[PDB]
Amino acid sequence: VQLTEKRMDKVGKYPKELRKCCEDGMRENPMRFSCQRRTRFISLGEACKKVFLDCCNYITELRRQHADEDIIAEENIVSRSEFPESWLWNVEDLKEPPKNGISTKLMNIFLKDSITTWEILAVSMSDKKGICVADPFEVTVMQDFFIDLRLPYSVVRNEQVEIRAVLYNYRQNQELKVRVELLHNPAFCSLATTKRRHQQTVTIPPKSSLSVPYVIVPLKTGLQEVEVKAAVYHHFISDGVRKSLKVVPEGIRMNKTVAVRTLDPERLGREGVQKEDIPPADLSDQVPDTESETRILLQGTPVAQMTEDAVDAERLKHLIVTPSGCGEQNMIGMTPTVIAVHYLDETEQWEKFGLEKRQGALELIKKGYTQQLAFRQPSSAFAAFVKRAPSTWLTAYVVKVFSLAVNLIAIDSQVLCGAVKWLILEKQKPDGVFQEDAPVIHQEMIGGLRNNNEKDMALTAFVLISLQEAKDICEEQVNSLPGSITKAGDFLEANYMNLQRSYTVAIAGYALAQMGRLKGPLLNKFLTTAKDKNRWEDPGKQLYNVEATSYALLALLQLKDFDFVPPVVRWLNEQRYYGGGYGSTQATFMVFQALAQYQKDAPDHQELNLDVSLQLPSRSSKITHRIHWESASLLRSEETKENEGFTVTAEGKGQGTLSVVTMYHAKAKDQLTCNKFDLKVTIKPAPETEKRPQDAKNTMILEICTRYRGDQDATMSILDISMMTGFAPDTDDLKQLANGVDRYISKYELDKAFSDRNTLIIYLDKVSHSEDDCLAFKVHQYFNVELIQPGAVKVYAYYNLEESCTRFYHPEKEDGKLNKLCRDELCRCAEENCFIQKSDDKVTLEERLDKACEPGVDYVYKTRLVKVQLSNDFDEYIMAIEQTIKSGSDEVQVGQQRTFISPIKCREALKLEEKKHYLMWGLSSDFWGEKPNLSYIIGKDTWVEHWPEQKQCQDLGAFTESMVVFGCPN
Amino acid sequence: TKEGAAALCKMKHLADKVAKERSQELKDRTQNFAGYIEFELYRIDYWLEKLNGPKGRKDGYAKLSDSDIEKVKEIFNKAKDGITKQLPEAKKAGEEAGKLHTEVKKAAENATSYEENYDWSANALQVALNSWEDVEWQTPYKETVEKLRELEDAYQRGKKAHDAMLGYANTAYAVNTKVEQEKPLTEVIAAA
Amino acid sequence: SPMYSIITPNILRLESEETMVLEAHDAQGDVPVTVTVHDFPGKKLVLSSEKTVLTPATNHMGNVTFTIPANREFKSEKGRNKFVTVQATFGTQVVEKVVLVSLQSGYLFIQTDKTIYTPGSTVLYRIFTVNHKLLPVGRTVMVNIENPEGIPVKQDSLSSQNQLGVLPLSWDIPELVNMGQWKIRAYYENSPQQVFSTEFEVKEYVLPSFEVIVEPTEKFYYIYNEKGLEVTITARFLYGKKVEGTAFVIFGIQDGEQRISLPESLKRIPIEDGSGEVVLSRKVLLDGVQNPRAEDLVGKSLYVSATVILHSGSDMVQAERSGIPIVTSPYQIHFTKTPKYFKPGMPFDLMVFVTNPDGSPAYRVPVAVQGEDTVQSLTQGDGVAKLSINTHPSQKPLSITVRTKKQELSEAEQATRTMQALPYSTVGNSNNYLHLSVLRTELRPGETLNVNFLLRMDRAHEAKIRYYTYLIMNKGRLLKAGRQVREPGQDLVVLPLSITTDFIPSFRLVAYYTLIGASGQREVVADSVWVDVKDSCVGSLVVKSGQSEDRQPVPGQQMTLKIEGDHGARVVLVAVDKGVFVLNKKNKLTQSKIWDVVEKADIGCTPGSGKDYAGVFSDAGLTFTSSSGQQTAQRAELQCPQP
């Protein structure tokens, strides 16, 4: 009783310092973790934990003894911030014949479609008189009748959604009679029919809202329009609503890379000709009735696509396939564009590409700097997240980027020089090794006691590389930079020999070459360690090997050794796996910079004179492309809508790239085996006593735990949860988790729409390997939907996308109630497309014979059901063929089993039972692919009849007798 | 015999390497101690000044307990006093090394084997190589080894001074980033 | 015994029109005069010699107008502020005076769309450039937008040439950007030492479901009110329906910047039909704070925080009311516009500005002088009331006390105020005094004003004085000057002055005279008075609705608006939401704010008369100098003396 009063009284004690801990302890943890368990997550000192434990124990005991609304009054009050956007922003001059100084002018404004009181402010600026201000003018606009149709974000194909419309009346002491109707649309099955229109009368009482529900069954994919009309009696009102909804296929959209090849007819090719074969993609899990698309891209130069994408703001974010919300990823705006600009400034390509885009690129860089300023701390240090401990690595990276960008844009000298001073004086140790006092991000962690020095060497090399750039910018401000540089270089040179990891060797060698100390035996270490004179690779790492190779390439370019460089360029080019490029930001930036540096510092100019011939197997005419240096655009594209392998011929001169990428829809299935993760997702009901919001209809609890499968993870793992149709997450729980003292998560975005379905991305600082890191939260369902399909959850690391896994979760049900929104007609609208509708339960022999023999009919099989497999999206029937009446294009022997795929909604339509004879016949479109034992998809044109092994028996036997009398002569 | 010619070529190559590589490098590594000791003394003085200075808000030092401030100031003053005495030893050593390097360079200017480049050692091998070789240009070679050993001793003096300075240099930097976090008097004084 | 005198403003501004007054006494025939300006250390002849004839037909009065061109400073690093010598040769003798000079001339007004913004929204702002006379001027300006931490984010340089001052500007807020009170600075290239700045706040995205309003029944809480503070709370939706549920209310005391929450002021109230009442008793308020004295807590404010929870839904909304100043007297008496110096024997007038605790002027509140019980001067609409008293002949400091006597209020609740003043010393000890009296009315442009001149001195020599010289100061410049003739035997004189638009927003009249003097040294006696005029636009600007009054406009329908303004005027329009405008109270760009800014920069800083003959001129912003020893002290400070 009076739990809030007790909580307030207990919080009254303790000073203003140790009161946040107690207040957080008062809050109920979303998960079922004990107070002792929760105290482990406290990052404050040893005094906050004691108060937190005391308050947790006290409140737990008090509530247990007690076992009204128990909510603590907020101390930091918040007010409404979102307001209607201002308009009428224009300037006009009064030019009319004055009358004793008065000059009238008539305006023509258009009031916005909203119900609010607007205020118009007028300020005049005369010459003889001066500035003056008039009083505001109030304009009030309101309506008596309002309609609002509520629809979900997206609906899966072949679903049962119950859309609704809300009617609002703003009259007092007067009810409103209205008639509401929904217009028929052939795309989806509705209550209204073509012959009969659905209309209904409703009375809205004064000062109240009324709900009108509706049910629609979507059939066709794409974008559909739903329009509702309302007519008011006794008053001339003809208002209505029209809203667009999205219907998506039943599956997950996945775009996959097919091939990535390097074109160089002279060197790589033989006799000045190169022939390359691109095999067909492996679309073995394509969802039925879905279209795939293949794209072929020819790049004249290895750095054309990135250079063109960086300048454009629209395509800037497409260079990566990962979210960018934190500190380092926010640099995506600055690092690429700058490089591109530089690559265009030194080389004579601006004229061809276009000079006018340079100003836009500078504006993008300015906006990137403005966004980056958000992460600055008062100590001139940048942290991974807002209000967190500063990190040396991020600070050094930001310093380097700002030093590079100072020439192009106006970078404040104060911030850069202060960051340099903080890096030098504070973090650097007397010995000359930079220390880190923040969680590791880029796998710089120590690998052990023997590998402890490796972390120090790597961090020192990176910080030295960053600092060397910021040498001539402000050297008078910081007079201790040369000494720190010399000490770091001496330390790096001292222990360069005792290096095992390829990345550390490469970075140290690059730093020493930049200083100019990589001579003698040290150099022998850098060149010899390379494998096949081509790459710097280590087992188990994919996206870090490319970065190490880029560092080695930069070191080689610095050393002025162009004999060993060309081989590495080919390997670097053929490292595009994710989509059509590199996923990780760091790897992409390093590859871009290395390739740009190689192109800029070229002893000879390799003019582009590429001639490419493509001869698709389906297409008859051949396609020819001619890529030349004078061409304004060095990028060619081709699109096809068929899975096939094709040959390409390249002749001429120059080094180019050819990328073939396929896009298709994949089926929903749990990953066979995770790489280095173990994900588990569970969605369960919730107690009915929970106070759901006004609009929500149901509530559930979703848990999503995981554990690393290695020595340790660190890094920054990101979880992605694909929400469902209608279901939405609870922001209160996420806010409590993120802003609470026991911080379970780093940050949640919940503000992206990259995928068709709603998504929630959670950023995690680390994943425990010894134990299992877990988190649960509540979700609410607003709309009433049936036959809902499962969602998905993906767990992956950022810098290494290969280590990832996926899981699927479905709302718990398991009930043969086959709940369906239909009452009497709507399912009859649904089963029409399922399969050919027989004219009668048992049609006559003549009709059956006439319908059996048609030009489109190719196969007629009499079979016996073997097994039926339950599922969620598509039902499967393992069937064995007993007798053959008419063989189709494919040849099948007697006794060979061919599986059958049917839609879920047809489960109660076909009415197929195991171990029963049946007859059927369909069209050639039922064949799916060409895999051995091809599956038969039951389409609309697929006749099926029961075959008995007693009037019905006599009639069916008489019908059977006439089926094999003739082999369908006509 | 060709062995004598090979030995002569090896000795010439070693002498050239010492004259052009070791001599120049050695001098540049002797004048850096003075520039580092003074820099670290200045940084320590700046850190002390920032502590309880004309203003506050110096990260965690602002809320630091009154008792801990006295100990921090005492240890900073002790380190500053200890580190000062090392300056003259490096200052004199720098000029001595410079003069000796100039003399050695002047002396050097006054005055088969390729497969042996794996040796990569030119520290004190000149006198010994001449020793095996024996078993107008010969006279200057006698004092080169003595001058090189004297330079090595002079550099060793500065190296020892710098290494000794580290003992007092490291303690101040430790307590700095120790108190810089949320570390209370306990651990601090315990380690001090 | 001819005399020649010259009067100039204390501070002369560069690139501005300045005027100097020349007068001669006891002169026969034409009196040519040549005025020149030179640099303080050296001679540069910054201005050509200006010659004017003080013919007897003009009663030996004239003026010279000039503007000092902007030239390279002679002593900028060698001195703090530059001085300029101005000399005048009337006849055989010459006069000279040193004057301080400044370059700052002009103002920049920044108008913003809203005060609260969210990430992704666009900020639209304008800048208006005006000159000393509040007229458009073409000059280069530089504008910077800076984040709260002090790191500029945007910089631009614009020019108002070929435009009527308006400089439209827009900016885009990044999605992920610093949150705080961002600043926008703007200043001229010529004078970077003066900067005009505005501020705007950016907040997170928030949208409440239902509106809750909590307000007290009284604007202020009286100390001895045993009833306590009563607060009413209402909660309603945006579509009309009320809110029913339960609310938690907590009171607290805010002082300076800190706030203390009373632990025994938490109450739970059931809100039915969107209404609820709470009461904070005197006993709880007194016992909450250790301070036992009830008079000591005067000054602190009271705030209330309320939270509302519905019955069916789980939606919550929080509301707070901050303010409610604690005052022991509703009305307050202030001594601001009244002179602080009294002339012995002469009647003394005082001005009292009765104001409400919030700050608004009072209306219908009687006030009187304690001890004398004089006529209760009812407060006017502007809030200023004038009270007259008779001074004593003794040469002692004067003390006055004033109190309000509003009806149906207790004696204790009545406010009180005290004031002290020092006597005005006479140079010759002749008890010569001049009094300028103005009938205080609601004067506005287009209304004559009568000024009464009174003279007090011995009867031995009264025929010598036959005229008075008066000058008017408005916005620093000498707006007008003239003479008033007095016939022998008439002690009191009347001067009708026409009030025009130039006198806005106020003016100061300084009137003086001179006489031969029995001792032998010419004596000068001066007096000053200040008058305020209603603040209003020079022209007019009206925004009416041209559409006929048929029915309230519906959304999406086209309508018409009638804009009436001065001929050839550039009109700027903007449509802002009512809620945002009402929520904003400090950055409103009103005519009153502009006039306050204009009046703030005034060379003269004094309510009324000074202490000596030179004191009056110095306080009024004039410098009186002549050939004889009579001279005023120089000014070596641009700003007025600090309190």
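What you see of chain A is 673-739, 752-1633, 1643-1663, where the numbers are those given in Swiss-Prot.
How was it done? The header gives electron microscopy, 3.6 Å.
Even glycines carry a Cβ here, placed using N, Cα and C.
The record in Swiss-Prot pairs A:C1661 in a disulfide bond with A:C1537, which is drawn from A:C1537, A:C1590, A:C1646.
Between A:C727 and the candidates A:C693, A:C694, A:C707, Swiss-Prot annotates a single disulfide bond, the one to A:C694. When Swiss-Prot is compared with the stretches A:954-973, A:1314-1333, the one noted as region 'Disordered' is A:954-973. Among A:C728, A:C816, A:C873, the one Swiss-Prot lists as the disulfide partner of A:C707 is A:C728. A:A739 and A:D752 bracket a stretch of 12 residues that the deposited model omits, and the distance between their Cα atoms is 13 Å. When the recorded positions A:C720, A:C873, A:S1321, A:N1617 are ranked by how far their Cα is from the Cα of A:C1506 (disulfide bond), A:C873 comes first.
Here A:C1489 (disulfide bond) is positioned 40 angstrom away from A:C1513 (disulfide bond), judged by their C-alpha atoms. Distance between the Cα atoms of A:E1633 and A:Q1643, which bracket 9 unmodelled residues, is 13 Å. Summary: among the disulfide-bonded residues (A:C1389, A:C1489), the fewest other C-beta atoms within 10 A of the C-beta are counted at A:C1389. If you take the CA of A:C727 (disulfide bond) and look 10 A around it, you hit none of the recorded positions from A:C1158, A:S1321, A:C1511, A:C1537, A:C1590, A:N1617. Taken residue by residue with DSSP, A:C1358 (disulfide bond) is part of neither helix nor strand, so it is coil. Of all Cβ atoms in the shown protein chains, 18 besides its own fall within 10 Å of the Cβ of A:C1158 (disulfide bond). Within its own chain, A:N939 (N-linked glycosylation site) has A:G1263, A:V1345, A:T1346, A:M1347, A:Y1348 as residues 6 or more apart in sequence whose C-beta sits under 8 angstroms from its own. Comparing C-alpha positions, A:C1458 (disulfide bond) sits nearest to A:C728 among the disulfide-bonded residues A:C728, A:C873, A:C1158, A:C1661. For A:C1511 (disulfide bond), the nearest neighbour among the recorded positions A:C693, A:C707, A:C1358, A:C1389, A:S1573, judged by Cα separation, is A:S1573. Using a 10 Å Cβ-Cβ cutoff, A:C1513 (disulfide bond) registers 16 neighbours. When secondary structure is read from DSSP and collapsed to three states, A:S1321 (phosphoserine) falls in the strand class. The closest partner of A:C873 (disulfide bond) among the recorded positions, by CA position, is A:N1617; the full candidate set was A:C1158, A:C1358, A:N1617. The Cα of A:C1101 (disulfide bond) lies closest to that of A:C694, out of the recorded positions A:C694, A:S968, A:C1518, A:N1617. Among the disulfide-bonded residues listed (A:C693, A:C1537, A:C1661), A:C693 has its Cα nearest to the Cα of A:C1358 (disulfide bond).
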